[PDB]
Structure formats: C-alpha cells, structure tokens
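# Fold and geometry: a report
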Amino acid sequence: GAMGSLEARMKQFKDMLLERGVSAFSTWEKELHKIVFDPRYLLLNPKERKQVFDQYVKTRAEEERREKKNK
C-alpha cells in the first residue's frame, strides 16, 4: 500500500545497513555482528535480505568510491 507493507520492512533493513555501516566492501558475516546486534536483522528472509545486501553494497560502494574511497 505505497510503502507500508513489505517495503517498510525492507526499508528498516536498508536503513540499518546505513546505521552500523554494512561495509559495502566486506564479508556479510563481519557485517552480521554489526547489525545482528539488533533483532531487525531478522526482518527480511534470505531472499529479500540477499537483494538488500548486494543492492546496498553495489550503489553505496559506487558512490563512496568515486568520492574518496571513504576510508
């Protein structure tokens, strides 16, 4: 219903990624502890969660890279 059903959940996830910084260039496991410390890490299933990761690391990296590699 225009951002409110699943999108919201998948949004609370994307946000969390930008909260602890799911390093757009690291291992999903290191990134685990980073977020898993929260129960919202268990929101999307291994399907919707898989996209949120590859999609986040893809767009985020391209940006933080072209700028100054961030780190």
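These residue numbers run from 1 along each chain by written sequence and may not equal the entry numbers. Residues without coordinates are not shown. With hydrogens and water excluded, all non-hydrogen atoms of the structure serve as input to the side-chain values.

Looking at the method field of the entry, one finds solution NMR.

## Quick word on the layout of surface pockets
Think of a 1 Å grid over just the protein atoms. A cavity is a set of points where a 1.4 Å probe fits yet cannot get out, a pocket is an open set with protein on both sides within 12 Å along at least five of seven lines, and lining residues have an atom within 4 Å of a point. Grid points are joined across faces, edges and corners, and a volume is the space filled by probe spheres set on the points. Within this model, the largest pocket holds a volume of roughly 170 Å³. Every residue lining the largest pocket is listed: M10, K11, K14, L18, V52, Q55, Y56, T59 and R60. Those elements giving two or more residues to the lining of the largest pocket turn out to be α1 (6-20) and α3 (48-68). A run of H or I in DSSP becomes a helix once it reaches four residues, and a run of E becomes a strand once it reaches two; helices and strands are each numbered from the N terminus. Element by element, the count of residues in the lining of the largest pocket is highest for α3, at five residues.

## Section: α1
Multiplying one less than the number of residues by 1.5 Å gives the expected span of a helix. With 15 residues, α1 should cover 21 Å at 1.5 Å per step; its first-to-last C-alpha distance of 22 Å lies within 8% of that length. A 1.4 Å probe rolled over the protein chains alone gives each residue an accessible area, and that area as a share of the maximum for its type sets the label: buried under 20%, exposed over 50%, partly exposed in between. Among the residues of α1, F13, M16 and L17 are the ones counted as buried. Along the long axis of α1, the arc covered by the buried residues comes to 105 degrees, so they all point the same way. Its buried side turned inward, α1 meets α2 (30-36) and α3. Of the residues trailing α1, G21 is marked for its positive phi of about 75 degrees. This arc is taken over the directions from the axis of the helix to the C-beta atoms. Note on contacts: a residue pair qualifies if any of its non-hydrogen atoms lie within 4.5 Å across the two residues.

## Topic: the environment of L6
Turning to its location among the elements, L6 is positioned in helix α1. A residue is classified by how much of its surface remains accessible, and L6, at 35% relative accessible area, is partly exposed. Distance from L6 to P39, taken between C-alpha atoms, is 17 Å for residues 33 residues apart in sequence. The contacts of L6, once residues within four sequence positions are left out, are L44 and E48.

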